[PDB]
Amino acid sequence: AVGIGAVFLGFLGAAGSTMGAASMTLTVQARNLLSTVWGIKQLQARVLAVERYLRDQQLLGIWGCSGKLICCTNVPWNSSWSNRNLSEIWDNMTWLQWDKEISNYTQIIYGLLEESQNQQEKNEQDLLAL
Amino acid sequence: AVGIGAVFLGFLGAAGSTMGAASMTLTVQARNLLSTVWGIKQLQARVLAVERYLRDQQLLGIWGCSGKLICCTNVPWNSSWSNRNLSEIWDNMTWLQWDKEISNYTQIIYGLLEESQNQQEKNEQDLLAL
Amino acid sequence: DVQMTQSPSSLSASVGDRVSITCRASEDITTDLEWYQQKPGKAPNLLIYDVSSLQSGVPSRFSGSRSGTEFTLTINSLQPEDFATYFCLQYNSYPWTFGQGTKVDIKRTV
Amino acid sequence: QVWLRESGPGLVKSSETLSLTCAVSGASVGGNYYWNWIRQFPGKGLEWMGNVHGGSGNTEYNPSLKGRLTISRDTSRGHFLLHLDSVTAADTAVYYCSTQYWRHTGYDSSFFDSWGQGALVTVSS
Amino acid sequence: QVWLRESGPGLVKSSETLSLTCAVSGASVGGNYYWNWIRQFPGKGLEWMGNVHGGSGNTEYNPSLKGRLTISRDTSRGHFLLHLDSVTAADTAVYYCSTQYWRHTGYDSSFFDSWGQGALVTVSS
Amino acid sequence: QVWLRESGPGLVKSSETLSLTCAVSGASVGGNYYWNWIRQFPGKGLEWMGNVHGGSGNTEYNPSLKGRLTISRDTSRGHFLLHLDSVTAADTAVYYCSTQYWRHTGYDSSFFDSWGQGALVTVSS
Amino acid sequence: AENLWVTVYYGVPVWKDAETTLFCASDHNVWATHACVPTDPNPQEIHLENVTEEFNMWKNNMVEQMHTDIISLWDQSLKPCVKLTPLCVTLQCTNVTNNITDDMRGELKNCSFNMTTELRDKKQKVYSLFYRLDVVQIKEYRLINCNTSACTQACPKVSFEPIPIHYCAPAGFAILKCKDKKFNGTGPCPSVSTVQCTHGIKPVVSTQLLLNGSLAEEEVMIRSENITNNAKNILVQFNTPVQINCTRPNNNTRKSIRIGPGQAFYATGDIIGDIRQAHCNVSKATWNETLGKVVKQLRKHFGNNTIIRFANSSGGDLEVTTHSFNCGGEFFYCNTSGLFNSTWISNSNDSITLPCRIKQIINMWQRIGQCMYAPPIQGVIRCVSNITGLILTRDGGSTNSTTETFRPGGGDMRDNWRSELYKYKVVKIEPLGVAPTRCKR
Amino acid sequence: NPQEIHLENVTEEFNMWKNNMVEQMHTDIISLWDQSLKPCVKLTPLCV
Ligand SMILES: *[C@@H]1O[C@H](CO)[C@@H](O[C@@H]2O[C@H](CO)[C@@H](O[C@@H]3O[C@H](CO)[C@@H](O)[C@H](O[C@H]4O[C@H](CO)[C@@H](O)[C@H](O)[C@@H]4O[C@H]4O[C@H](CO)[C@@H](O)[C@H](O)[C@@H]4O)[C@@H]3O)[C@H](O)[C@H]2NC(C)=O)[C@H](O)[C@H]1NC(C)=O
Ligand SMILES: *[C@@H]1O[C@H](CO)[C@@H](O[C@@H]2O[C@H](CO)[C@@H](O)[C@H](O)[C@H]2NC(C)=O)[C@H](O)[C@H]1NC(C)=O
Ligand SMILES: *[C@@H]1O[C@H](CO)[C@@H](O[C@@H]2O[C@H](CO)[C@@H](O)[C@H](O)[C@H]2NC(C)=O)[C@H](O)[C@H]1NC(C)=O
Ligand SMILES: *[C@@H]1O[C@H](CO)[C@@H](O[C@@H]2O[C@H](CO)[C@@H](O)[C@H](O)[C@H]2NC(C)=O)[C@H](O)[C@H]1NC(C)=O
Ligand SMILES: *[C@@H]1O[C@H](CO)[C@@H](O[C@@H]2O[C@H](CO)[C@@H](O)[C@H](O)[C@H]2NC(C)=O)[C@H](O)[C@H]1NC(C)=O
Ligand SMILES: *[C@@H]1O[C@H](CO)[C@@H](O[C@@H]2O[C@H](CO)[C@@H](O)[C@H](O)[C@H]2NC(C)=O)[C@H](O)[C@H]1NC(C)=O
Ligand SMILES: *[C@@H]1O[C@H](CO)[C@@H](O[C@@H]2O[C@H](CO)[C@@H](O)[C@H](O)[C@H]2NC(C)=O)[C@H](O)[C@H]1NC(C)=O
Ligand SMILES: *[C@@H]1O[C@H](CO)[C@@H](O[C@@H]2O[C@H](CO)[C@@H](O)[C@H](O)[C@H]2NC(C)=O)[C@H](O)[C@H]1NC(C)=O
Ligand SMILES: *[C@@H]1O[C@H](CO)[C@@H](O[C@@H]2O[C@H](CO)[C@@H](O)[C@H](O)[C@H]2NC(C)=O)[C@H](O)[C@H]1NC(C)=O
Ligand SMILES: *[C@@H]1O[C@H](CO)[C@@H](O)[C@H](O)[C@H]1NC(C)=O
Ligand SMILES: *[C@@H]1O[C@H](CO)[C@@H](O)[C@H](O)[C@H]1NC(C)=O
Ligand SMILES: *[C@@H]1O[C@H](CO)[C@@H](O)[C@H](O)[C@H]1NC(C)=O
Ligand SMILES: *[C@@H]1O[C@H](CO)[C@@H](O)[C@H](O)[C@H]1NC(C)=O
Ligand SMILES: *[C@@H]1O[C@H](CO)[C@@H](O)[C@H](O)[C@H]1NC(C)=O
Ligand SMILES: *[C@@H]1O[C@H](CO)[C@@H](O)[C@H](O)[C@H]1NC(C)=O
Ligand SMILES: *[C@@H]1O[C@H](CO)[C@@H](O)[C@H](O)[C@H]1NC(C)=O
């Protein structure tokens with residue numbers, strides 16, 4: 001039960017594994033995100049697929065994590081959002097459960113990330129001014 | 001026949017020059033890639049042009065060369081793919097001939113690049129953990 | 001530490017005979033048990049995993065069975081290449097523990 | 001297929017530190033793999049010594065070898081090292097590095113096992 | 001238009017190393033250009049000393065001046081340097097830095113040639 | 001709401017340099033804010049000392065305190081510091097750090113003013 | 001102590017329920033496969049292990065999309081076809097009484113009338129054969145649909161044969177399929193997989209019986225949104241099919257009448273030989289065994305000591321009262337009265353014959369003001385099909401009695417799609433995630 | 001002022017009998033011809 005390796009190469013194969021194990025196959029999920037009665041449906045589907053990828057890339061780039069799959073920042077982890085330890089998160093829980101639990105406090109984190117990135121950019125420009 | 005300079009500022013002017021000479025005018029090609037019977041054709045053309053550019057940008061960004069026109073990586077050059085020397089490639093061949101010669105072994109390099117970039121990101125996160 | 005107890009310590013069988021070797025555990029381990037084969041001067045080779053699941057390339061003559069806390073490796077038709085030392089490995093809980101080993105010898109005319 | 005090769009000194013004086021290396025080819029040390037160090041004493045059964053997880057880095061050691069056994073990884077060089085302090089004459093044995101893992105290739109699933117040829121280590125002054 | 005200006009010491013003692021600097025304005029040294037160094041002796045014909053390619057960096061030298069002539073580039077400062085070791089009295093001459101190149105602008109191709117005013121160098125103790 | 005807290009030594013010897021700190025909570029020091037340093041002498045009226053702009057960094061000082069008063073910011077630590085050289089017995093006072101600003105949120109604009117509790121500084125040998 | 005900080009992960013495997021638009025994929029027809037993308041020869045299915053999903057077949061949005069697409073394709077296919085506006089004229093009809101059996105007495109009418117021609121100042125006198133269900137007395141008769149609307153004649157080159165259709169989701173979406181057998185279409189499903197396109201689904205249109213469908217892999221399956229309520233239909237899926245052989249034995253003849261410039265109307269010329277009714281045959285022992293399995297499964301939900309009654313339909317229109325289908329281009333309505341007639345109490349080569357009628361003016365979907373004229377087919381026609389389920393409804397059900405009566409139902413065709421898309425759902429991926437970690441930028 | 005860029009030392013492969021632009025031109029010409037005739041009188045009464 002302990003001491004066994006697991007590796008997944010499918011599209012969503014790691015959906016049932018722990019967060020730590022599932023965090024090693026982000027690229028396979030990253031590839032797929034982009035790619036008369038039927039033609040209009042096809043066109044609408046293509047446009048809808050295009051829009052969300054651009055929105056996600058814009059949100060990623062606003063925080064300074066552009067072109068990165070595992071990007072970590074300066075914003076501290078407020079204890080009010082969660083109270084579990086890293087041992088019981090990355091080796092006991094799954095991404096779906098984590099999202100279900102944390103969906104309440106997403107916009108605050110997004111805004112804090114945006115403000116922190118803007119402040120960091122201003123500080124970097126000030127430093128480079130000298 | 002030796003000791004003569006050639007500079008091209010056209011769209012595809014450097015198509016007939018050597019790889020080394022042609023590698024100095026990448027931006028001019030980079031600019032153009034984005035930009036009732038006839039309106040639908042125009043709309044489909046616009047959508048296709050957007051889709052291909054987005055696919056190319058995603059593929060470039062997955063390997064870690066995002067926002068770069070020249071970017072070398074950690075992957076070694078397997079001798080099975082080619083055996084010529086740098087003197088006979090960058091000064092004795094054109095990009096079209098090189099693409100015709102190497103088209104058989106394209107996907108393996110892409111997969112190796114993706115895996116190497118993921119490993120590098122994980123190592124960077126581990127280093128920053130300390 | 002979960003204790004593996006193998007029986008018999010050594011046995012002699014001829015070609016084509018049926019052989020059975022038992023491994024007992026101090027506590028229940030469910031299914032996380034493996035049967036390994038080791039020839040002289042060679043590293044152990046996996047024969048069976050998950051009690052009764054056969055590794056690819058292992059001949060089907062080998063089989064595994066469970067009864068309570070006891071497990072059994074059965075060779076229906078022994079072959080000349082089946083003479084080796086067999087071990088039971090438990091990995092349900094740490095530490096991994098091996099058996100005492102059972103050696104199968106060749107029975108022939110004096 | 002994952003290939004494992006053992007290496008290290010053939011002789012270690014008593015009370016010194018035995019250092020062993022196991023190099024992995026065909027797989028990444030930083031992946032979701034468990035690397036196990038086992039030994040076989042002369043004319044006796046096998047004895048699992050320890051193991052390490054490539055990704056998180058957690059190490060699990062046998063209680064008998066606790067306090068003197070260390071297992072570490074190296075992703076850049078793609079190999080994992082083992083250290084055993086205060087080696088005595090009873091520590092002479094053949095050391096092996098192995099790994100077990102499930103491979104879930106989309107529809108299919110398969111259990112894979114890999115061992116190394118092993119390295120003989122003799123402890124004596 | 002590419003402008004070239006020569007500079008360097010006006011006098012060099014015998015057996016010393018003559019250093020010359022040609023600065024380029026209106027073009028990038030790192031482009032696909034060939035920069036050539038040519039000396040004309042007093043009251044005699046011209047002599048091509050050497051040249052260098054800005055992009056790859058390959059340098060070509062006259063066989064007579066081989067083993068003592070070294071031509072190098074500098075993209076950051078946008079100029080190229082020339083070194084001549086063991087200068088003797090016969091090396092007194094007027095040095096020029098020049099370039100030739102085809103410019104293929106869309107439909108039209110044109111040959112352009114540029115020379116510098118030149119610098120007089122006298123070798124004597 | 002912007003919270004301001006003063007800190008610093010309670011006593012400074014004559015002719016020394018008085019250093020004071022004001023820490024800001026709830027707002028960024030690098031924003032478009034004006035931070036003002038004021039003092040109140042014992043049993044007398046107020047007297048504005050100086051101020052600094054968080055963004056550009058320009059500082060404006062009282063003419064009476066010119067040549068001895070300095071005000072600086074710290075965005076990373078999120079606080080601003082004040083220095084007064086050659087402090088004499090007449091400089092004993094209660095120092096305050098304050099800030100006033102307009103906040104135009106969408107349709108509505110409001111005027112906000114914030115003051116600190118203040119720190120008493122006594123100058124004497 | 002904790003000193004934890006936020007970290008962003010892109011590509012996280014997380015999905016959420018969503019509604020989108022799926023598109024077609026397939027390997028002259030009304031269900032146009034010309035504008036459908038080709039299907040991959042080897043579709044990829046990724047099994048997910050340790051994934052338990054929530055499924056509900058009675059709130060699936062794919063059924064509504066399929067219904068809308070089917071209706072749209074049906075409407076589109078009929079646009080370039082002849083409009084039978086001149087056909088609304090006074091007909092003079094008589095009875096046909098040659099070589100007719102006793103059960104087809106007065107079921108056909110020989111009607112003569114005046115019709116236009118290519119030249120707009122000339123007229124012709126023509127005659128045809130009509131079914132009694134298509135003419136209403138005004139010795140003078142008229143077509144039933146004349147006082148409602150005029151409708152087009154189906155073009156004789158487009159075929160009504162169903163073709164399999166695969167439904168595929170867009171990029172950024174995924175289709176989850178429940179592989180757990182014995183799953184009744186509602187609740188947790190523990191065995192799940194991800195697929196790119198749905199398997200081939202034939203848009204078969206029928207009532208009171210499901211034909212050419214899919215069979216349960218384990219046993220007879222009974223499904224219902226709320227089995228306690230009598231207003232909800234019960235869907236039965238057989239584990240094995242029951243063969244049914246339907247036939248029209250009349251040797252029909254088709255003749256074209258030119259009613260204008262490049263416009264022809266296909267009338268029934270004459271019948272060669274004997275005149276006999278169409279009919280369907282179904283085996284007896286197989287039907288009895290299937291009904292035994294069905295009542296055995298029903299006893300699980302409706303007690304182990306109740307008495308189960310199978311009876312006739314209540315009443316209404318011919319479409320909802322009879323087993324209506326389309327065989328060989330001809331629209332059959334069969335009287336399924338000999339099947340659901342029995343009572344079960346807790347404790348050889350002959351076959352059942354269902355007599356059927358044929359109709360030519362068709363209101364396919366439950367609409368008003370849009371009919372369709374089916375041109376006649378030449379020669380006898382025969383077809384063989386499977387029966388792989390039933391649509392039932394419980395009559396009464398009050399506590400005053402200890403008996404259960406079930407009768408056939410139908411009407412709405414969404415239930416025909418619901419029996420195929422009961423193990424599918426669509427989700428959208430959410431690759432962005434935030435976690436705590438000991439980083440520091 | 002259309003822009004044309006000559007390619008030096010470039011030789012291409014050409015085949016007039018397998019050009020796809022001809023089919024596109026034919027289809028567009030037919031489509032335009034059909035479209036232009038939609039809002040015009042229908043001579044149905046003339047068949048007398
Ligand atoms: C359930 O599935 C089963 C099978 O899986 C279905 O039964 C099959 O039904 C099809 C369609 O009726 C049938 O195929 C026909 O066989 C006939 C006899 O061989 C053919 O004559 C017929 O072709 C004619 O019709 C086509 C259009 O459907 C035309 O394209 C074709 O050209 C033929 O038409 C010519 O001839 C007629 C008459 O002379 C003339 O008027 C035309 O102008 C034209 O000249 C089909 O190929 C299969 O044989 C059936 N399978 C079996 C085993 O019997 C069953 O229908 C399904 N159930 C439901 C409810 O749909
Ligand atoms: C339907 O009615 C028409 C017209 O009454 C019948 O056609 C006539 O048939 C008789 C007998 O063969 C002929 O003598 C006439 O010349 C036919 N009339 C025309 C205009 O052709 C037809 O036979 C009837 N069909 C049936 C099945 O009763
Ligand atoms: C087809 O049209 C003809 C001509 O209008 C019809 O014959 C007429 O019928 C009316 C009504 O009874 C009589 O008043 C005329 O005298 C008839 N004229 C002739 C020349 O016969 C004929 O009845 C129509 N056919 C049908 C089937 O309605
Ligand atoms: C299934 O149907 C039954 C029968 O209608 C539902 O029970 C009824 O619920 C309504 C709602 O208030 C009551 O007014 C009735 O008195 C109930 N009747 C009985 C016999 O209980 C039941 O709620 C339905 N199931 C679900 C999940 O909605
Ligand atoms: C349905 O079954 C009936 C029998 O109940 C069949 O009727 C027989 O059909 C054959 C045809 O080969 C004739 O030879 C017999 O004379 C018929 N017998 C009777 C009593 O009618 C009928 O053919 C079957 N039809 C189908 C489509 O299967
Ligand atoms: C429906 O028709 C099929 C064939 O059209 C029948 O299958 C035949 O069954 C008999 C058994 O009575 C066999 O002897 C024949 O060999 C079968 N024929 C074929 C082609 O397989 C089937 O029995 C019919 N079913 C009914 C209910 O009439
Ligand atoms: C189911 O069976 C009943 C009786 O067995 C049918 O009721 C008959 O309907 C016909 C048609 O109107 C009447 O002529 C008979 O008098 C009715 N019989 C009785 C006893 O009332 C009923 O029609 C059948 N169902 C269907 C859909 O046909
Ligand atoms: C469907 O079949 C049943 C069974 O034959 C029909 O019920 C019969 O109807 C006739 C009317 O002519 C009565 O004479 C019989 O007595 C009825 N049989 C029984 C057993 O009651 C029923 O009418 C048919 N459906 C329709 C719509 O006619
Ligand atoms: C009616 O059911 C039978 C049995 O379920 C079908 O026959 C099977 O057809 C599939 C076609 O993919 C074959 O792979 C099987 O081997 C067949 N089974 C047997 C026992 O032969 C038959 O196709 C169904 N009829 C229709 C029209 O779909
Ligand atoms: C399957 O998932 C459940 C819940 O996430 C977990 O408790 C269980 O350990 C998983 N199965 C295995 C074999 O780990
Ligand atoms: C035709 O036959 C039907 C049924 O026998 C009868 O009701 C009708 O009156 C007949 N019509 C005639 C003879 O015109
Ligand atoms: C057309 O006539 C039939 C029978 O006479 C009648 O039932 C129907 O209601 C009529 N249509 C309308 C729209 O009234
Ligand atoms: C069968 O349907 C009922 C509906 O209430 C549901 O509760 C039950 O879980 C379903 N069966 C299974 C095995 O999920
Ligand atoms: C129907 O009639 C035509 C014309 O006489 C004939 O060729 C055909 O064989 C008939 N059909 C049958 C099934 O005999
Ligand atoms: C219905 O079943 C009864 C026997 O219960 C039988 O007498 C009767 O004929 C059946 N009706 C039909 C239409 O088959
Ligand atoms: C023209 O191109 C050919 C090969 O494409 C090459 O061999 C030749 O050297 C080129 N001409 C010049 C002047 O470089």
# chains A, B, ... in the order shown; residues from 1 in each chain; ligands from 1

$ residues_around --residues "range 62-76 of chain E" --least-positions-apart "2" --cutoff "6 Å" --atoms "only C-alpha atoms" --output "NGL selection string"
:E and (29-30 or 49-50 or 78-85)

$ select_by_dssp --residues "range 5-95 of chain B" --states "alpha helix (DSSP H)" --output "PyMOL selection string"
chain B and resi 19-22+26-32+37-62+95

$ write_last_selection --atoms "N, CA and C atoms" --output "mmCIF file, in the first residue's frame"
data_model
loop_
_atom_site.group_PDB
_atom_site.id
_atom_site.type_symbol
_atom_site.label_atom_id
_atom_site.label_comp_id
_atom_site.auth_asym_id
_atom_site.auth_seq_id
_atom_site.Cartn_x
_atom_site.Cartn_y
_atom_site.Cartn_z
ATOM 1 N N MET B 19 21.375 30.104 -44.355
ATOM 2 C CA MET B 19 20.713 30.143 -43.056
ATOM 3 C C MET B 19 21.276 31.251 -42.175
ATOM 4 N N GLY B 20 22.603 31.391 -42.141
ATOM 5 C CA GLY B 20 23.202 32.432 -41.321
ATOM 6 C C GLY B 20 22.801 33.826 -41.762
ATOM 7 N N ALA B 21 22.826 34.078 -43.072
ATOM 8 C CA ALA B 21 22.390 35.374 -43.582
ATOM 9 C C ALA B 21 20.900 35.589 -43.341
ATOM 10 N N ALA B 22 20.095 34.539 -43.510
ATOM 11 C CA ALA B 22 18.649 34.661 -43.374
ATOM 12 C C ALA B 22 18.193 34.778 -41.925
ATOM 13 N N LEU B 26 14.434 38.017 -39.041
ATOM 14 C CA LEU B 26 13.289 37.263 -38.543
ATOM 15 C C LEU B 26 12.097 38.162 -38.232
ATOM 16 N N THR B 27 12.349 39.396 -37.787
ATOM 17 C CA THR B 27 11.258 40.277 -37.379
ATOM 18 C C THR B 27 10.355 40.649 -38.550
ATOM 19 N N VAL B 28 10.925 40.849 -39.740
ATOM 20 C CA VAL B 28 10.118 41.256 -40.887
ATOM 21 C C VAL B 28 9.110 40.168 -41.239
ATOM 22 N N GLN B 29 9.501 38.901 -41.083
ATOM 23 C CA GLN B 29 8.557 37.805 -41.268
ATOM 24 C C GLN B 29 7.606 37.678 -40.086
ATOM 25 N N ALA B 30 8.078 37.984 -38.874
ATOM 26 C CA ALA B 30 7.224 37.874 -37.697
ATOM 27 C C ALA B 30 6.068 38.866 -37.738
ATOM 28 N N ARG B 31 6.295 40.064 -38.284
ATOM 29 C CA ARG B 31 5.240 41.077 -38.299
ATOM 30 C C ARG B 31 4.022 40.609 -39.090
ATOM 31 N N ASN B 32 4.245 39.981 -40.245
ATOM 32 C CA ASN B 32 3.169 39.716 -41.192
ATOM 33 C C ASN B 32 2.268 38.556 -40.776
ATOM 34 N N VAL B 37 -21.315 36.881 -50.381
ATOM 35 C CA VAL B 37 -20.446 35.776 -50.773
ATOM 36 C C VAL B 37 -19.036 35.980 -50.230
ATOM 37 N N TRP B 38 -18.591 37.231 -50.115
ATOM 38 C CA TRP B 38 -17.211 37.534 -49.751
ATOM 39 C C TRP B 38 -17.025 37.781 -48.258
ATOM 40 N N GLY B 39 -18.062 38.262 -47.570
ATOM 41 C CA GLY B 39 -17.930 38.534 -46.146
ATOM 42 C C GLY B 39 -17.659 37.282 -45.332
ATOM 43 N N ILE B 40 -18.333 36.182 -45.670
ATOM 44 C CA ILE B 40 -18.120 34.935 -44.941
ATOM 45 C C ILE B 40 -16.707 34.420 -45.182
ATOM 46 N N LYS B 41 -16.218 34.541 -46.418
ATOM 47 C CA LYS B 41 -14.842 34.152 -46.713
ATOM 48 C C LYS B 41 -13.859 34.984 -45.899
ATOM 49 N N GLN B 42 -14.102 36.294 -45.816
ATOM 50 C CA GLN B 42 -13.233 37.165 -45.028
ATOM 51 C C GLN B 42 -13.239 36.758 -43.559
ATOM 52 N N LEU B 43 -14.424 36.461 -43.022
ATOM 53 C CA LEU B 43 -14.535 36.081 -41.617
ATOM 54 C C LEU B 43 -13.794 34.777 -41.342
ATOM 55 N N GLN B 44 -13.978 33.781 -42.212
ATOM 56 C CA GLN B 44 -13.284 32.509 -42.038
ATOM 57 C C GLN B 44 -11.776 32.691 -42.142
ATOM 58 N N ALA B 45 -11.328 33.528 -43.081
ATOM 59 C CA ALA B 45 -9.903 33.808 -43.212
ATOM 60 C C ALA B 45 -9.344 34.438 -41.943
ATOM 61 N N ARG B 46 -10.060 35.417 -41.384
ATOM 62 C CA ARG B 46 -9.609 36.059 -40.154
ATOM 63 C C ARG B 46 -9.516 35.050 -39.017
ATOM 64 N N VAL B 47 -10.535 34.195 -38.887
ATOM 65 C CA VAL B 47 -10.545 33.213 -37.807
ATOM 66 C C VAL B 47 -9.376 32.246 -37.955
ATOM 67 N N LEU B 48 -9.137 31.758 -39.176
ATOM 68 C CA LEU B 48 -8.037 30.824 -39.401
ATOM 69 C C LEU B 48 -6.691 31.474 -39.101
ATOM 70 N N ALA B 49 -6.514 32.728 -39.530
ATOM 71 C CA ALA B 49 -5.263 33.429 -39.268
ATOM 72 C C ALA B 49 -5.034 33.593 -37.772
ATOM 73 N N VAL B 50 -6.092 33.907 -37.022
ATOM 74 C CA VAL B 50 -5.952 34.018 -35.573
ATOM 75 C C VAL B 50 -5.592 32.664 -34.965
ATOM 76 N N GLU B 51 -6.269 31.597 -35.402
ATOM 77 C CA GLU B 51 -6.059 30.282 -34.802
ATOM 78 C C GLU B 51 -4.628 29.799 -35.007
ATOM 79 N N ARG B 52 -4.102 29.943 -36.226
ATOM 80 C CA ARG B 52 -2.752 29.447 -36.488
ATOM 81 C C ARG B 52 -1.716 30.206 -35.666
ATOM 82 N N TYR B 53 -1.862 31.530 -35.575
ATOM 83 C CA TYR B 53 -0.932 32.326 -34.781
ATOM 84 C C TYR B 53 -0.998 31.935 -33.310
ATOM 85 N N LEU B 54 -2.210 31.725 -32.787
ATOM 86 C CA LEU B 54 -2.337 31.343 -31.384
ATOM 87 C C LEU B 54 -1.711 29.978 -31.129
ATOM 88 N N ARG B 55 -1.895 29.036 -32.058
ATOM 89 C CA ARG B 55 -1.273 27.723 -31.913
ATOM 90 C C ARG B 55 0.247 27.850 -31.886
ATOM 91 N N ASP B 56 0.803 28.654 -32.797
ATOM 92 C CA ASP B 56 2.254 28.827 -32.833
ATOM 93 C C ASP B 56 2.764 29.458 -31.544
ATOM 94 N N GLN B 57 2.055 30.473 -31.041
ATOM 95 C CA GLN B 57 2.475 31.125 -29.804
ATOM 96 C C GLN B 57 2.416 30.163 -28.624
ATOM 97 N N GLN B 58 1.366 29.343 -28.547
ATOM 98 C CA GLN B 58 1.278 28.363 -27.469
ATOM 99 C C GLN B 58 2.432 27.373 -27.543
ATOM 100 N N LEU B 59 2.735 26.884 -28.748
ATOM 101 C CA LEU B 59 3.825 25.924 -28.893
ATOM 102 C C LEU B 59 5.157 26.544 -28.493
ATOM 103 N N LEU B 60 5.387 27.803 -28.875
ATOM 104 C CA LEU B 60 6.619 28.474 -28.469
ATOM 105 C C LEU B 60 6.675 28.658 -26.957
ATOM 106 N N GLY B 61 5.551 29.029 -26.340
ATOM 107 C CA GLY B 61 5.532 29.279 -24.910
ATOM 108 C C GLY B 61 5.667 28.034 -24.061
ATOM 109 N N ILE B 62 5.248 26.877 -24.578
ATOM 110 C CA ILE B 62 5.366 25.649 -23.797
ATOM 111 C C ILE B 62 6.829 25.287 -23.573
ATOM 112 N N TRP B 95 17.299 27.579 -45.511
ATOM 113 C CA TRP B 95 16.304 27.101 -44.550
ATOM 114 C C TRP B 95 15.356 26.085 -45.180
#

$ residues_near_ligand --ligand "ligand 12" --cutoff "8 Å" --atoms "only C-alpha atoms and all ligand atoms" --output "VMD selection string"
chain G and resid 136 144 to 148

$ write_last_selection --atoms "N, CA and C atoms" --output "CSV table (one decimal), in the first residue's frame"
chain,number,residue,atom,x,y,z
G,136,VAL,N,-61.6,13.1,-46.8
G,136,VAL,CA,-62.8,13.4,-46.0
G,136,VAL,C,-63.9,13.9,-46.9
G,144,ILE,N,-57.6,15.9,-46.4
G,144,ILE,CA,-57.8,16.3,-45.1
G,144,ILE,C,-57.1,17.6,-44.8
G,145,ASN,N,-55.9,17.8,-45.3
G,145,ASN,CA,-55.1,19.0,-44.9
G,145,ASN,C,-55.5,20.2,-45.7
G,146,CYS,N,-56.5,20.2,-46.6
G,146,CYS,CA,-56.8,21.4,-47.4
G,146,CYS,C,-57.2,22.6,-46.6
G,147,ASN,N,-58.0,22.3,-45.5
G,147,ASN,CA,-58.5,23.4,-44.6
G,147,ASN,C,-57.5,23.8,-43.6
G,148,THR,N,-56.3,23.2,-43.5
G,148,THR,CA,-55.3,23.5,-42.6
G,148,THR,C,-54.1,24.2,-43.2

$ residues_around --residues "residue 93 in chain B" --least-positions-apart "3" --cutoff "7 Å" --atoms "only C-alpha atoms" --output "list in words"
residues 18, 19, 89, 90 and 97 of chain B

$ interface_residues --of "chain G" --to "chain B" --cutoff "10 Å" --atoms "only C-alpha atoms" --output "MDAnalysis selection string"
chainID G and resid 437:441
